[PDB]
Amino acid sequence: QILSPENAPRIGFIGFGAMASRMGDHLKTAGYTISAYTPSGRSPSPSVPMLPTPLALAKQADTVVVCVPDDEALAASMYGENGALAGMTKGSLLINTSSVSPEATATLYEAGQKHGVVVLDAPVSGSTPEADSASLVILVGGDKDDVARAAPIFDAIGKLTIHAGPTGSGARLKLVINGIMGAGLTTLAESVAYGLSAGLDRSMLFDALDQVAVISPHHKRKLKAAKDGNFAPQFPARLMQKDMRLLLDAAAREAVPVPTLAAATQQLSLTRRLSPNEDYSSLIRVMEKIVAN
């Protein structure tokens, strides 16, 4: 039952990008055999065999991990003529680490039920540095017994597994954390922009904010990087802004007013428009440029 390497050695990835490839390396170290599918056929890992379709990927894996950008990519690869779900055996596990909507999560869970496949919604908190060090925090929705089955996989890629509740709970908890992260950055960029506009020395201001208790450790790391103009993508603007769009849609469906998060989303739209592929913290540089002019 437990998906240890002896019981279920073959883990197939649907999607194999910045996070998934780093996850795969820790799973390979833990004793699993890794394979992957991507629409392009390329991936950052040359030694990982590539399968031609999602169906072919699923037909030769014991467990499937999904790590795709959005609802549309998830639907493109799980359903249809060559979709992954129909390639899985009854009683097997699908682990979705993608950041997708509650609706996409419910659709996949239901489709899994029809095929006899248990789908865990297990998005992660942490970016590429945390993927590198296997210090991700797994946010998982599903039955306790199914989370237990996946324990060795979660343990290999992360430092902590939070059982958020039944199916859908992991996806919702991820949306919560994404909103905190996105609005924390827009808040910081706007506050820095006011300080600079009001004449504060840039080097003094960036170093002073490293000393205050009201900024998170994640955002202090972004602020230090931004002092250096370093926006190499850990979490690109295109993905952060998509997560903000998903959160605002979910909050509207629940009829919860979230004006701070809604404002932050618009700032991250501007960030994405100006540079989709650099780190989402580049809004700091955007705001600096506004006040320079």
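In case it trips you up, residue 1 is the first one in the sequence shown, and so on.
The PDB entry reports B-factors from which the mean C-alpha value can be compared for 52 to 60 and 261 to 269; the larger average falls on 52 to 60.
Comparing the deposited coordinates for 7 to 15 and 270 to 278, the stretch with the larger average C-alpha B-factor is 7 to 15. In the deposited coordinates, the residue among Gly179, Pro152, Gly195, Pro217 with the greatest CA B-factor is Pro152. Residue set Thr89, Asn96, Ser203, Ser191: peak C-alpha B-factor at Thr89 (per PDB entry). When the modelled residues of the chain are ordered by C-alpha B-factor, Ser45 sits in the highest third. When all modelled residues of the chain are sorted by CA temperature factor, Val68 is found within the middle third. In the deposited entry, the Cα temperature factor of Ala232 places it in the middle third of its chain's modelled residues. Among the modelled residues of the chain, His115 sits in the highest third by CA temperature factor in this PDB entry. Among the modelled residues of its chain, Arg221 has a C-alpha B-factor that falls in the lowest third according to the deposited record.
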